[PDB]
Every structure is written in structure tokens, then in C-alpha cells.
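Just the one chain here, the form deposited in one PDB entry, laid out as C-alpha cells.
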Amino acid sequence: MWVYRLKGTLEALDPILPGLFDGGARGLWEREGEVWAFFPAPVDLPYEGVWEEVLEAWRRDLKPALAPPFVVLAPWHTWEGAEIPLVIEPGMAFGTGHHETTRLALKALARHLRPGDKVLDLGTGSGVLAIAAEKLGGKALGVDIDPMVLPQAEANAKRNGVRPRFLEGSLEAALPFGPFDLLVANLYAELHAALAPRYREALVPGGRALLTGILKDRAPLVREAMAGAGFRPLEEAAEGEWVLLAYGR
């Protein structure tokens, strides 16, 4: 990781800032009296500054995360309780199992999923929800638009002795493998709202959708879109800033 240092505040260097992101900066940081631009690789900039060639506390303090009936474990953990173990290798791919949204979806799966149900996990990442679905007797497809998480999802699956299907893409790619009994989607409010009509098309008549990744204040958008798509509200769950909204068609 590289850093390009510039004297002054962020507001003071305002006009030249878009040029720093044109170079390929990943983030700016105002400090004592400087602005710290961060680059993957150093490239010459005529702004005149100084280049410098300069998570594990979280990872080594990482404890098992309870999401009844599950416990989310790193490969280096064990568990003596009665909970269903979910072994997830912590990485850069979302789905470590610790976040509120992931845990809300895990619990919602336990309440809604029937053994034999066809389950679509939209935005599978690490594969945690598709794996959990399989653990509950579901027949899971996990899809992701990022092909890089897919090897990680398959590796996680083998750690758990289950075999969901994993696939690159989104709702479109999932279509030939559906229709589904249950959709689980840990995304974000505005995407749920845009996808609501296609959520209905993805499910069998009487099927259901479990939607999370939704900031509390953004929930009205999802409620409005899902009602507009013809869904009926089933239940809502919350933890901290976040909510899960369950719907039936």
C-alpha cells in the first residue's frame, strides 16, 4: 500500500481532489495538517507532494458468533453446544457471520425454511446463507456478481459437508434453476426496491422473500416497492441499525 501526502486541509485542496481519484486513489484522509491519498501503485502527479511505501486484532480476538440455531465458527474454533456449526473462513468477502444483517438472515432462515425448499441466496459472498440453508435441508443456489467470492464459497461449503450450487451472476442467471420457494437477500434497501418485481418472478406462487442489509430509515422504500410488486408482509426483525423484512407472494 502506497501513500501520497499533501499539505493543507481537504477543503483547501478541493479543486485538485478529483484529479487524485483520476490517478486511482482509494481514499482520502485529513490529518494533523495534511491530506493523505492512498494508492495501490505510485503514479507521477504534478500536484507536488511526497510518496511513501508504508484487521489482525479483529481476526485474532475473533470469537464464535451465536445466531440460534447456528453458531458461526472460524476454521480454528470449536464448539461444545447444541447449535448447528457454520464454519466460515474469514476473508475480504462479506459473510463472516458476525454482522447483524447476516445473523438476522440466519435466524429468519430457521423460522421460514422447510426441508426440501428450493432456496436462492442472492449475493452469496462467502456462501454463509446458502450453506446454512443446506444445513437446514434446503436446496440452495448462491449467486454473486463478483466471481472472486465463488472459490471462497465452494471452499466454505466443503468445510461444512454440504453442497449448494454456486453461480456467477444475479436474478437472471438464477432463473433457469428456479422458480424458488424461498429467496434470501442480504443486499441494501435501494437494490431491493429496484428488484422487487423480479423477486416476485423468481418465486413460486405462495413463495417467500427474506430481505436484509436494510438500514432502519431505508425500510419504507422496501415496504413500498414490495407492496407495489404484490407481496404481502409476513414479519419484521431488527438488530441495531439494521432490519430484515419477510414477504410472501
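In this text, the rigid core denotes the largest set of C-alpha atoms whose superposition between the two forms falls within 1.5 Å. From 1 onward, residues are counted along the sequence shown.
One more form of this protein should be noted, the form deposited in another entry, which is absent from this view; the next part is about it.
Of the residues checked (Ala65, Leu191, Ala219, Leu45), the rigid-core alignment between this form and the one not shown shows a Cα shift of at least 2 Å for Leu45 alone. Once you line up the core between this form and the one not shown, the Cα of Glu34 ends up 2 Å or more from where it was. Relative to the superposed core, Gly230 undergoes a C-alpha shift smaller than 2 Å between this form and the one not shown. Annotation for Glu241: C-alpha shift under 2 angstroms between this form and the one not shown, rigid core superposed.
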